[PDB]
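Structure first, then comments.
In what follows, chains are A, B, ... by sequence order, proteins preceding strands, each numbered from 1.
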Amino acid sequence: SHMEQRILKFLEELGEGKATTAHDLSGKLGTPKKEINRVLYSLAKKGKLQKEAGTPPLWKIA
Amino acid sequence: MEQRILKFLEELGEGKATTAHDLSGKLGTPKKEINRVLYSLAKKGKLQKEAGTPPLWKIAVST
RNA sequence: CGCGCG
RNA sequence: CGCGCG
Ligand code: NA
Ligand code: NA
Ligand code: NA
C-alpha cells in the first residue's frame, strides 16, 4: 500500500528501535490521523509494526 | 437537541430504555450527534446510562 | 482522550 | 464495536 510504505519509510528514517505517534505521523506526512491509525493498526496485525500501548500509543518497526 | 431526546425517552414508557442506534433511526439524526447529547445529559443527571453493550439509556429516577 | 470504528 | 473525541 502507498500509505503503508510512507509510514514504514518515515520510521526507518529515524533509525532502528525508534518510535513515533499517530499524531506525529499525521502532521509530518500530511494525512488525517484517522487514516494514519487505520494503517498503523493494520500493519501491526500483519506483524510489520509493534504497538507500545500508551496514551498515546507508540509505534515502531516490528 | 437534549429536549427532543428527553421527550422521546419519556414517551417510551416507565422504566423503558433504548440504544443510541435506535434513537438515531427514530429521530433521523446521526448516531454521532445522538451520542454526544446522551453522554452530556447523563453528566447533567437527566439520564441514566445502563451498563453493557450497546449502552441503554433511560430517564433518570429522581428524588 | 486510549479512537483504529466501516 | 463499548465510540461520545471537539
Ligand atoms: Na450509546
Ligand atoms: Na466508533
Ligand atoms: Na476519538
Side-chain angles (χ1 to χ4, degrees), chain A, chain B residues 1-6 8-63:
Chain A
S1 150
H2 178 71
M3 188 49 56
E4 285 173 31
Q5 257 58 246
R6 292 189 75 203
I7 293 176
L8 292 163
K9 183 170 194 174
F10 184 87
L11 274 166
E12 283 182 338
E13 232 93 335
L14 297 174
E16 292 180 79
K18 252 65 196 300
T20 192
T21 62
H23 187 92
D24 190 50
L25 278 159
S26 172
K28 292 279 176 197
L29 295 171
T31 294
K33 192 168 64 70
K34 194 146 168 175
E35 188 176 322
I36 291 295
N37 272 326
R38 200 216 314 127
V39 171
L40 287 176
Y41 284 81
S42 170
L43 283 168
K45 211 180 306 174
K46 294 199 257 203
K48 289 185 155 196
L49 288 187
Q50 249 151 222
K51 173 166 165 268
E52 283 60 54
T55 174
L58 296 165
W59 304 81
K60 54 183 273 206
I61 299 293
Chain B
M1 184 130 306
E2 297 187 344
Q3 300 82 223
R4 214 151 112 68
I5 281 157
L6 286 174
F8 184 93
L9 285 174
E10 271 148 27
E11 293 167 15
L12 197 63
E14 207 133 88
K16 258 88 108 63
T18 197
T19 56
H21 185 101
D22 183 88
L23 277 159
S24 187
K26 231 84 175 165
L27 299 180
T29 305
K31 194 162 69 65
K32 189 195 219 315
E33 181 182 321
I34 290 295
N35 266 327
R36 182 179 62 77
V37 175
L38 289 170
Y39 280 87
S40 38
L41 282 168
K43 262 185 181 190
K44 282 177 195 178
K46 298 180 182 180
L47 295 177
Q48 174 140 301
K49 189 204 176 215
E50 286 179 34
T53 268
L56 290 174
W57 305 83
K58 63 188 186 67
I59 298 294
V61 173
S62 43
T63 289

Enumerate donor-acceptor pairs with a distance under 3.5 Å from any side-chain N or O in residues 45-57 of chain A to protein atoms, sequence neighbours excluded.
from   : atom 1 : to    : atom 2 : distance (Å)
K46(A) : NZ     : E4(A) : OE2    : 3.2

### Atom-to-atom span, CD1 of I34(B) to P of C5(C) - whole angstrom
22 Å
### Query
Rounded to whole angstrom units, what separation is found between the CZ atom of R38(A) and the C1' atom of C1(D)?
17 Å
### Message
Could you tell me how far apart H21(B) (NE2) and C3(D) (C1') are, to the nearest whole angstrom?
### Response
14 Å
### Task
Specify the separation, in whole Å, of atom CD of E33(B) and atom P of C5(D).
10 Å
### Separation of atom CG in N35(B) from atom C1' in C3(D), rounded to whole Å
7 Å
### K34(A) NZ - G4(D) P separation (whole Å)
9 Å
### Task
Using only side-chain N and O atoms of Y39(B), determine if any of them is under 4.0 Å from OP1 or OP2 of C3(D).
yes
#### Entry: Nucleotide of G4(C), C3(D), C3(C) approaching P55(B) most closely (side-chain heavy atoms)
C3(D)
### Task
Take atom CG of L38(B) and atom P of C3(D), then tell me their distance rounded to the nearest Å.
9 Å
### Query
Taking atom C1' of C3(D) as reference, at what distance in whole Å does atom NZ of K31(B) sit?
7 Å
### Query
Would you say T29(B)'s side chain and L27(B)'s backbone share a donor-acceptor pair under 3.5 angstrom?
yes
### Task
Check the pair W59(A), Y41(A) against ring-ring contact (aromatic ring centres under 6.0 Å, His included), reporting the backbone distance first and the verdict last.
CA-CA 9 Å; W59(A) 304 81; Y41(A) 284 81; 4.7 Å; yes
### Task
Output yes when a side-chain donor or acceptor of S26(A) lies under 3.5 Å from a complementary backbone atom of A22(A), and no otherwise.
no
